[PDB]
There are 6 protein chains.
Amino acid sequence: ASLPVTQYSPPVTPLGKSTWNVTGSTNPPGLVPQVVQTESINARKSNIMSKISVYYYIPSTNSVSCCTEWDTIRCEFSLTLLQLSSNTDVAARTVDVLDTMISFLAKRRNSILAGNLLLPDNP
Amino acid sequence: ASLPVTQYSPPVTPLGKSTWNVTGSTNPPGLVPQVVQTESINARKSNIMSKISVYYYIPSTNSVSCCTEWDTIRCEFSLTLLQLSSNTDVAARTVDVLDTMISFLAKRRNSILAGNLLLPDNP
Amino acid sequence: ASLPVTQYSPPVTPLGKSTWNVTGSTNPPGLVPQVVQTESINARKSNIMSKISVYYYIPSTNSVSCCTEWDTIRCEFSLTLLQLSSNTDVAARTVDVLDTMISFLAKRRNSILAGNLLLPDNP
Amino acid sequence: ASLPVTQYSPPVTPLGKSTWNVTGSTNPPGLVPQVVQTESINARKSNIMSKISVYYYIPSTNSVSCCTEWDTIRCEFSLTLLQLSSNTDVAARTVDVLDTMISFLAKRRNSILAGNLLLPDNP
Amino acid sequence: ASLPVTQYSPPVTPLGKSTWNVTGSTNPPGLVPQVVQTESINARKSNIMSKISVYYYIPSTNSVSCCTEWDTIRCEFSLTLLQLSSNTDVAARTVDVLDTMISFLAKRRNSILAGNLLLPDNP
Amino acid sequence: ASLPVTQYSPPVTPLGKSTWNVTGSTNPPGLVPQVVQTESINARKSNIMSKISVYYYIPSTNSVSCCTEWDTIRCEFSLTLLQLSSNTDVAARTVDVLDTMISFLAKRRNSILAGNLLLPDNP
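Residues numbered from 1 in each chain as written, not as in the entry; some residues may be left out. Chains lettered and ligands numbered in written order. Part of a larger assembly, values for the part shown. Heavy atoms only, no water.

As recorded in the PDB entry, chain A goes by the name coat protein, listed as coming from Leviviridae sp.. This entry appears in the Protein Data Bank under the title "Virus-like particle of bacteriophage NT-391".

Now the structure itself:
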């Protein structure tokens, strides 16, 4: 289930960070699950990295206890946008790469969620 | 457009690497675009990392030339599967995190592809 | 008398700085009295500091002279918002603390303005 | 809600410290919430600092446990009283600065309590 | 001919940078011609520098080749806004200085464009 | 208002400096406001820099006093004329860059004069 979100820190400039907070969380505010989109330039200014990061902070136990730690379910995504290429195929091929990524997230959902390469493709 | 693929190196064990090759590519075989799924254990065996990586090798110019270099369009995805947590919410919350990732890839497609945080959500 | 202000640098993100300028000032622009609100995270991300700062730049003499220096009337306020506490009383108690602060600013106004602890409470 | 207080250490001299204790607290006496007013002279005797400090000691958990720590909700206020200025505006302008402080505590109450600069002014 | 522009990074605060991109450019995106306005404070806070910068990236050759480098046509403008002056003429005189700058850009256009001081004033 | 000028040091060679003095100034002659046009070659002889500089010397106070200092309102302009480029677009594009500079000086006049990026374009 896609988590419900509201934009906490809105986008300011084309580059930088934007953050959404997951609404309805029960944990303290500093541990509210977050989604962060990042658009950053490389040092040599050859690539722009587009990143999405989902940090879901979950307690190590079902109930509150003294040994209760905070684990983090992390889901990361990054994509390279070439900035200095003379090849006009770059845009269409970046689109194709992103679509292949989404298709594989669908195709290998069970394998990804179970940590087992041997599971067949999702139906 | 999702790229067409055929499985080149098939899965062997639950952990490790599996690779698909993009079919119909024109570049030399060592530069055939690839999709790699990785399932790896952490050192302390606390997390299993599920990764998907799309490497699309594209020439720096539209035609063949002597200064033709090979740029790489890279798209990476990773997800942490907690292995030592007593919290029974871990499975459902990892599912929710993956779904939030996919939802955000849909929601921010234009921003991700353009490298501009200020673009509105995709319709 | 509350000074009249207009927002000079508006808020950009939930954290950071916002500044208002005092309108109708006679001193040069770089010495315009300012009000600055700051929302900053701690290093360990345990607290968010909410700060208000009033800097009123006033000349050391009544008229312009060669030895005229610029003194600063500074008024600072800070409040700690706990971000990682499991105690649900934190919000109501932070509200109570802020209200106690305002009540004491009323109660001890003469003492605060005169620099004398012995003055009785304001009527 | 303004907390109820009784004067614990009364003012002795114009400079120094005076302390009030919050009545009806349940925590041990050494952790009774306190309000401290301070009137101190600068080293060069140019300023008198008038300070108010509210320390509210709150347990990290709702109930008593072995990992129960004691967090502190801190609210600080300071004001500079110039002592060596020949400008006769100093008194009225310090009054204006204090009033601006109180007005801003009213104006930005929600932002201060939430740690978010983007919240609109309180109605 | 004035180049057509669209605002890429909009102004955020009174100080900082704002950037416009030149529309309709044929070179790769990282080499899109840019116009940057900067408003920065001096270290001693005596001056505010207002700057405009036009960076036009142009290939060293008319056609694409392996030795094709990227030259930059740079046009810079700066103006000092005094922030701590008691002279009330500062505003009108800064206006006069800016107008003299524009008048000289008109008067010496041919000389500026040809790199020859001896050319007569433009008609 | 464009300042009135008379040519003090006339142009001698295509490269070098030419200076105009602002007429009707009240300050001593060594502090007469000046406009300087410079045409200089780069070390590697790749660029010719065309520069215009307006130095307006203004007293720090409205009247004569013993602490009266002399501030300088500085307005600088520079343009790069490529000297070793085989691209025939260089001339037209340098013209376009200069026109973009003038257009932006018109477009952002209020922002430039106020030191505030947030001001809207001039009407």
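S.K.: Tell me about the interface of chain B and chain E, residues and numbers included.
M.R.: Chain B puts six residues into the contact, and the matching count from chain E is four residues. With both sides pooled, the region where chain B packs onto chain E buries about 300 Å², and carbon together with sulfur makes up 73% of that total. Of all residues in chain B, the largest losses of buried area upon contact with chain E belong to B:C67, B:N116 and B:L118, amounting jointly to 78% of the total for that side. For the side of chain B that touches chain E, the per-class residue count stands at three nonpolar, three polar and no charged. (Contact = heavy atoms within 4.5 Å. Buried area = accessible area lost by both parts, 1.4 Å probe. Nonpolar A, V, L, I, M, F, W, Y, C, P; charged D, E, K, R; others polar.)

S.K.: Please provide a residue-by-residue account of the interface of chain D and chain C, values included.
M.R.: If you look at the interface, chain D gives 69 residues, while chain C gives 68 residues. For the pair chain D and chain C, the summed buried area comes to about 6300 Å², and 67% of that belongs to carbon and sulfur atoms. Applying the counting rule to chain D against chain C returns two salt bridges. Across the pair D:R109 and C:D99 runs a salt bridge whose closest N-O atoms are separated by 2.5 Å. Residue assignment for the side of chain D that touches chain C shows that the elements contributing at least two residues are β2 (16-22), β3 (34-41), β4 (47-59), β5 (70-82), α1 (90-107) and α2 (109-114) of chain D. In terms of residue count, α1(D) provides more of the side of chain D that touches chain C than any other element does, 15 residues in total. (Salt bridge = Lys/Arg side-chain N within 4 Å of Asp/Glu carboxyl O. Helix = DSSP H or I, 4+ residues; strand = E, 2+ residues; numbered from the N terminus.)

S.K.: Run through the relation of the copies chain B and chain E, naming residues and quoting values.
M.R.: Superposition record for chain B on chain E: RMSD 0.0 Å, screw rotation 72°, translation along axis 0.0 Å. In the structure described here, the two chain copies are related by an operation that fits a five-fold rotation axis. Residue B:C66 of chain B places its C-alpha closer to the rotation axis than any other residue of that unit, at 5.8 Å. (Least-squares fit on C-alpha atoms.)

S.K.: Could you give me a rundown of the state of the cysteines, with the residues and numbers involved?
M.R.: Per the counting criterion, the structure on display carries three disulfides over all chains. One disulfide in the model links A:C66 with D:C67; its S-S distance is 2.0 Å. Between A:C66 and D:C67, the S-S dihedral sits near -95°, and the bridge is therefore left-handed. Residue A:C66 is located in the loop between β4 (47-59) and β5 (70-82), and its partner D:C67 is located in the loop between β4 and β5; the two belong to separate chains. According to the relative accessible area criterion, A:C66 is partly exposed, its value standing at 39%. For the unlinked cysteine A:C67, the closest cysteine sulfur is that of A:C66, found at 7.3 Å. (Disulfide = S-S within 2.5 Å. Buried < 20%, exposed > 50% of the residue type's maximum accessible area, 1.4 Å probe, protein only.)

S.K.: Describe in detail the packing of aromatic side chains, supporting the description with residues and values.
M.R.: Inspection of every chain in the model, using the stated rule, returns six aromatic pairs over all chains. Ring geometry for A:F104 and B:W20: centres 4.8 Å apart, planes at 75°, overall edge-to-face. With one member in each of two chains, A:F104 in helix α1 (residues 90-107) and B:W20 in strand β2 (residues 16-22) form a pair that bridges those chains. One exposure class covers both A:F104 and B:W20, and it is buried. (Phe/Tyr/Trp six-rings, centres within 6.5 Å; stacked < 30°, edge-to-face > 60°.)

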